Amino acid sequence: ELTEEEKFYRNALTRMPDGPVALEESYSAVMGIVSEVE
Amino acid sequence: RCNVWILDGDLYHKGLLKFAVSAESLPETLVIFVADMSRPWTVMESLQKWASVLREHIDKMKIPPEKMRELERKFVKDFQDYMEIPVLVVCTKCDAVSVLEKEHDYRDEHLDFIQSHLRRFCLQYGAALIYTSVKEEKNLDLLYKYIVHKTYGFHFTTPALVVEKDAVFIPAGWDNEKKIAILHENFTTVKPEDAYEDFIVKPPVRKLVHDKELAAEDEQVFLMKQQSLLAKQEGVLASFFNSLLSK
């Protein structure tokens, strides 16, 4: 049996060269726009 | 509308928690911890993992100690005042108990073991335990009612159900060591103090063990070896026939 992890590159998110920093900026930017609209 | 934040299972994204809960939004937040009953053996390991992660997250928040103790006093006042921050343990895929009976030879003693473990953990963290099955749509309305009650302060009326194996529900404050002792009566082989792992075993899943790397010899060592080579140049049948020979 092949799991979801083996089927697809779900783990590629953890292989970003700059660590999880870029993912935080994506979430932060969504928080920034929502903060202004709210 | 209640904000919903689902964190990915890997700790690599645990730092995202700062965007799910802030100091201003902490008291309004209700914490939900998922327990997979299709994989019961990791349930407490996962629970101490994620609860410890939450404790570490609250550490980085730097709440004033007076405010933290105020929150503790509010929560405990909500706790002892119960009559017949918040943490709610929700069990998912409890219908997989039906698998545990057929694939791992489980019985009521094992289920009593795991649910007594879960209730002792809930006592440790002062949480409310509930069993659900999205496949069978069990306790979903009960869940929704309890969530709305504990977040918005709405009323709640459902009692504690602790007899059925796969539909247990325990609101906060109901459980106690004396009340948990009822399940220990059913035990006939294990004890309450026995380790989780020894009794309930993590199966050794038969992962494809990749074979050893077969490597061709280097040409130089191979030719050196070849130079070295060149220069130096039934019972049970017998048991039956003895049995019919002794007589």
# chains A, B, ... in the order shown; residues from 1 in each chain; ligands from 1

call {"tool": "closest_atom_pairs", "arguments": {"of": "chain B", "to": "chain A", "cutoff": "10 Å", "atoms": "only C-alpha atoms", "output": "JSON lines"}}
result
{"residue": "B:10", "atom": "CA", "partner": "A:14", "partner_atom": "CA", "distance": 9.3}
{"residue": "B:12", "atom": "CA", "partner": "A:14", "partner_atom": "CA", "distance": 6.9}
{"residue": "B:13", "atom": "CA", "partner": "A:20", "partner_atom": "CA", "distance": 7.4}
{"residue": "B:15", "atom": "CA", "partner": "A:24", "partner_atom": "CA", "distance": 8.4}
{"residue": "B:16", "atom": "CA", "partner": "A:24", "partner_atom": "CA", "distance": 6.9}
{"residue": "B:18", "atom": "CA", "partner": "A:24", "partner_atom": "CA", "distance": 9.8}
{"residue": "B:19", "atom": "CA", "partner": "A:28", "partner_atom": "CA", "distance": 7.4}
{"residue": "B:20", "atom": "CA", "partner": "A:31", "partner_atom": "CA", "distance": 9.9}
{"residue": "B:207", "atom": "CA", "partner": "A:1", "partner_atom": "CA", "distance": 9.0}
{"residue": "B:208", "atom": "CA", "partner": "A:1", "partner_atom": "CA", "distance": 9.7}

call {"tool": "select_by_dssp", "arguments": {"residues": "chain A", "states": "alpha helix (DSSP H)", "output": "JSON, numbers by chain"}}
result
{"A": [4, 5, 6, 7, 21, 22, 23, 24, 25, 26, 27, 28, 29, 30, 31, 32, 33, 34, 35, 36, 37]}

call {"tool": "atom_distance", "arguments": {"atom1": "atom CA of residue B:158", "atom2": "atom CA of residue B:83"}}
result
11.7 Å

call {"tool": "select_by_dssp", "arguments": {"residues": "stretch 31-208 of chain B", "states": "strand (DSSP E or B)", "output": "list in words"}}
result
residues 31, 32, 33, 34, 35, 36, 87, 88, 89, 90, 91, 92, 128, 129, 130, 131, 133, 138, 161, 169 and 170 of chain B

call {"tool": "write_last_selection", "arguments": {"atoms": "N, CA, C and O atoms", "output": "PDB file, in the first residue's frame"}}
result
ATOM      1  N   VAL B  31      -9.811  25.105  22.428  1.00  0.00           N
ATOM      2  CA  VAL B  31      -8.794  24.197  21.915  1.00  0.00           C
ATOM      3  C   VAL B  31      -9.420  22.828  21.705  1.00  0.00           C
ATOM      4  O   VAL B  31     -10.078  22.292  22.606  1.00  0.00           O
ATOM      5  N   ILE B  32      -9.204  22.260  20.520  1.00  0.00           N
ATOM      6  CA  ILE B  32      -9.711  20.944  20.142  1.00  0.00           C
ATOM      7  C   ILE B  32      -8.513  20.060  19.827  1.00  0.00           C
ATOM      8  O   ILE B  32      -7.666  20.425  19.003  1.00  0.00           O
ATOM      9  N   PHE B  33      -8.446  18.899  20.478  1.00  0.00           N
ATOM     10  CA  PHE B  33      -7.398  17.907  20.260  1.00  0.00           C
ATOM     11  C   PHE B  33      -8.023  16.649  19.676  1.00  0.00           C
ATOM     12  O   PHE B  33      -8.922  16.064  20.283  1.00  0.00           O
ATOM     13  N   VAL B  34      -7.520  16.218  18.526  1.00  0.00           N
ATOM     14  CA  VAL B  34      -8.055  15.065  17.812  1.00  0.00           C
ATOM     15  C   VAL B  34      -7.297  13.818  18.237  1.00  0.00           C
ATOM     16  O   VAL B  34      -6.075  13.848  18.424  1.00  0.00           O
ATOM     17  N   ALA B  35      -8.031  12.718  18.398  1.00  0.00           N
ATOM     18  CA  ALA B  35      -7.464  11.410  18.708  1.00  0.00           C
ATOM     19  C   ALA B  35      -7.983  10.404  17.691  1.00  0.00           C
ATOM     20  O   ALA B  35      -9.197  10.214  17.565  1.00  0.00           O
ATOM     21  N   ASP B  36      -7.065   9.752  16.980  1.00  0.00           N
ATOM     22  CA  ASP B  36      -7.419   8.802  15.932  1.00  0.00           C
ATOM     23  C   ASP B  36      -7.607   7.419  16.540  1.00  0.00           C
ATOM     24  O   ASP B  36      -6.650   6.821  17.046  1.00  0.00           O
ATOM     25  N   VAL B  87     -10.151  22.962  26.925  1.00  0.00           N
ATOM     26  CA  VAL B  87      -9.539  21.907  26.126  1.00  0.00           C
ATOM     27  C   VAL B  87     -10.562  20.796  25.955  1.00  0.00           C
ATOM     28  O   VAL B  87     -11.099  20.291  26.947  1.00  0.00           O
ATOM     29  N   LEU B  88     -10.831  20.419  24.705  1.00  0.00           N
ATOM     30  CA  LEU B  88     -11.789  19.368  24.380  1.00  0.00           C
ATOM     31  C   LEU B  88     -11.105  18.319  23.520  1.00  0.00           C
ATOM     32  O   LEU B  88     -10.554  18.642  22.464  1.00  0.00           O
ATOM     33  N   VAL B  89     -11.155  17.067  23.966  1.00  0.00           N
ATOM     34  CA  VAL B  89     -10.584  15.943  23.233  1.00  0.00           C
ATOM     35  C   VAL B  89     -11.707  15.286  22.446  1.00  0.00           C
ATOM     36  O   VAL B  89     -12.712  14.856  23.024  1.00  0.00           O
ATOM     37  N   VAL B  90     -11.532  15.207  21.130  1.00  0.00           N
ATOM     38  CA  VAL B  90     -12.513  14.628  20.218  1.00  0.00           C
ATOM     39  C   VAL B  90     -11.877  13.400  19.584  1.00  0.00           C
ATOM     40  O   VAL B  90     -10.763  13.472  19.052  1.00  0.00           O
ATOM     41  N   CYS B  91     -12.581  12.274  19.651  1.00  0.00           N
ATOM     42  CA  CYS B  91     -12.110  11.025  19.072  1.00  0.00           C
ATOM     43  C   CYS B  91     -12.768  10.832  17.714  1.00  0.00           C
ATOM     44  O   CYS B  91     -13.997  10.891  17.601  1.00  0.00           O
ATOM     45  N   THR B  92     -11.949  10.601  16.694  1.00  0.00           N
ATOM     46  CA  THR B  92     -12.399  10.470  15.317  1.00  0.00           C
ATOM     47  C   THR B  92     -12.167   9.048  14.821  1.00  0.00           C
ATOM     48  O   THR B  92     -11.166   8.413  15.169  1.00  0.00           O
ATOM     49  N   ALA B 128     -12.815  17.753  28.385  1.00  0.00           N
ATOM     50  CA  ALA B 128     -14.029  16.984  28.151  1.00  0.00           C
ATOM     51  C   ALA B 128     -13.805  16.016  26.999  1.00  0.00           C
ATOM     52  O   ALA B 128     -13.390  16.417  25.909  1.00  0.00           O
ATOM     53  N   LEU B 129     -14.095  14.742  27.245  1.00  0.00           N
ATOM     54  CA  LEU B 129     -13.882  13.676  26.277  1.00  0.00           C
ATOM     55  C   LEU B 129     -15.185  13.361  25.558  1.00  0.00           C
ATOM     56  O   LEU B 129     -16.259  13.365  26.169  1.00  0.00           O
ATOM     57  N   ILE B 130     -15.085  13.091  24.257  1.00  0.00           N
ATOM     58  CA  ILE B 130     -16.247  12.760  23.442  1.00  0.00           C
ATOM     59  C   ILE B 130     -15.803  11.826  22.329  1.00  0.00           C
ATOM     60  O   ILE B 130     -14.675  11.912  21.836  1.00  0.00           O
ATOM     61  N   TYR B 131     -16.705  10.928  21.938  1.00  0.00           N
ATOM     62  CA  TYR B 131     -16.476   9.968  20.866  1.00  0.00           C
ATOM     63  C   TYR B 131     -17.400  10.295  19.702  1.00  0.00           C
ATOM     64  O   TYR B 131     -18.574  10.616  19.909  1.00  0.00           O
ATOM     65  N   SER B 133     -18.113   9.674  15.125  1.00  0.00           N
ATOM     66  CA  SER B 133     -17.907   8.868  13.921  1.00  0.00           C
ATOM     67  C   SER B 133     -18.582   9.591  12.760  1.00  0.00           C
ATOM     68  O   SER B 133     -19.804   9.510  12.599  1.00  0.00           O
ATOM     69  N   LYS B 138     -22.098   9.979  14.346  1.00  0.00           N
ATOM     70  CA  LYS B 138     -22.372   9.787  15.763  1.00  0.00           C
ATOM     71  C   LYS B 138     -21.879  10.984  16.566  1.00  0.00           C
ATOM     72  O   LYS B 138     -20.727  11.405  16.427  1.00  0.00           O
ATOM     73  N   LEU B 161     -22.309   9.989  29.090  1.00  0.00           N
ATOM     74  CA  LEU B 161     -22.496   8.609  28.657  1.00  0.00           C
ATOM     75  C   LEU B 161     -21.138   7.924  28.695  1.00  0.00           C
ATOM     76  O   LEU B 161     -20.220   8.335  27.979  1.00  0.00           O
ATOM     77  N   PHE B 169     -19.149  10.012  26.114  1.00  0.00           N
ATOM     78  CA  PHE B 169     -19.130  11.464  26.219  1.00  0.00           C
ATOM     79  C   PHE B 169     -19.013  11.847  27.684  1.00  0.00           C
ATOM     80  O   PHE B 169     -19.766  11.340  28.521  1.00  0.00           O
ATOM     81  N   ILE B 170     -18.071  12.736  27.984  1.00  0.00           N
ATOM     82  CA  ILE B 170     -17.781  13.172  29.348  1.00  0.00           C
ATOM     83  C   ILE B 170     -17.584  14.685  29.336  1.00  0.00           C
ATOM     84  O   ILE B 170     -16.515  15.148  28.917  1.00  0.00           O
TER      85      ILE B 170
END

call {"tool": "closest_residue", "arguments": {"among": "B:84, B:17, B:245, B:121", "to": "residue B:46", "atoms": "only C-alpha atoms"}}
result
B:121

call {"tool": "atom_distance", "arguments": {"atom1": "atom CA of residue B:123", "atom2": "atom CA of residue B:172"}}
result
8.7 Å

call {"tool": "atom_distance", "arguments": {"atom1": "atom CA of residue B:86", "atom2": "atom CA of residue B:195"}}
result
27.6 Å

call {"tool": "residues_around", "arguments": {"residues": "residue B:71", "least_positions_apart": "6", "cutoff": "10 Å", "atoms": "only C-alpha atoms", "output": "PyMOL selection string"}}
result
chain B and resi 27+65+77+85

call {"tool": "write_last_selection", "arguments": {"atoms": "C-alpha atoms", "output": "PDB file, in the first residue's frame"}}
result
ATOM      1  CA  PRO B  27      -9.496  33.582  25.958  1.00  0.00           C
ATOM      2  CA  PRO B  65       1.687  36.026  35.528  1.00  0.00           C
ATOM      3  CA  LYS B  77     -14.108  28.111  38.688  1.00  0.00           C
ATOM      4  CA  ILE B  85      -8.194  27.822  28.437  1.00  0.00           C
TER       5      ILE B  85
END

call {"tool": "residues_around", "arguments": {"residues": "residue B:97", "least_positions_apart": "2", "cutoff": "12 Å", "atoms": "only C-alpha atoms", "output": "PyMOL selection string"}}
result
chain B and resi 36-40+91-95+99-108+110-112+114-115+131-133+164-167

call {"tool": "write_last_selection", "arguments": {"atoms": "C-alpha atoms", "output": "mmCIF file, in the first residue's frame"}}
result
data_model
loop_
_atom_site.group_PDB
_atom_site.id
_atom_site.type_symbol
_atom_site.label_atom_id
_atom_site.label_comp_id
_atom_site.auth_asym_id
_atom_site.auth_seq_id
_atom_site.Cartn_x
_atom_site.Cartn_y
_atom_site.Cartn_z
ATOM 1 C CA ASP B 36 -7.419 8.802 15.932
ATOM 2 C CA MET B 37 -9.146 5.584 17.000
ATOM 3 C CA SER B 38 -8.100 3.827 13.799
ATOM 4 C CA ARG B 39 -4.563 4.180 15.227
ATOM 5 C CA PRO B 40 -5.290 3.915 18.963
ATOM 6 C CA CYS B 91 -12.110 11.025 19.072
ATOM 7 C CA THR B 92 -12.399 10.470 15.317
ATOM 8 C CA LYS B 93 -13.073 7.186 13.496
ATOM 9 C CA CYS B 94 -14.288 5.446 16.654
ATOM 10 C CA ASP B 95 -16.159 3.066 14.325
ATOM 11 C CA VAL B 99 -11.818 -3.253 13.035
ATOM 12 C CA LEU B 100 -9.903 -3.667 16.307
ATOM 13 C CA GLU B 101 -12.174 -6.555 17.293
ATOM 14 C CA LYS B 102 -11.491 -8.459 14.050
ATOM 15 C CA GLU B 103 -7.880 -7.589 13.121
ATOM 16 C CA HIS B 104 -6.128 -7.351 16.521
ATOM 17 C CA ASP B 105 -8.398 -9.514 18.737
ATOM 18 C CA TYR B 106 -9.289 -6.601 21.002
ATOM 19 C CA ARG B 107 -11.988 -6.915 23.656
ATOM 20 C CA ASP B 108 -13.810 -4.812 26.235
ATOM 21 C CA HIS B 110 -8.560 -3.205 25.919
ATOM 22 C CA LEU B 111 -11.214 -0.578 25.173
ATOM 23 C CA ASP B 112 -11.638 0.048 28.900
ATOM 24 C CA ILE B 114 -7.650 3.082 26.336
ATOM 25 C CA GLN B 115 -10.702 5.032 27.498
ATOM 26 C CA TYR B 131 -16.476 9.968 20.866
ATOM 27 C CA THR B 132 -17.572 10.627 17.278
ATOM 28 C CA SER B 133 -17.907 8.868 13.921
ATOM 29 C CA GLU B 164 -21.062 2.489 25.362
ATOM 30 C CA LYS B 165 -17.560 1.794 24.082
ATOM 31 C CA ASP B 166 -17.606 3.867 20.874
ATOM 32 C CA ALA B 167 -19.975 6.670 21.988
#
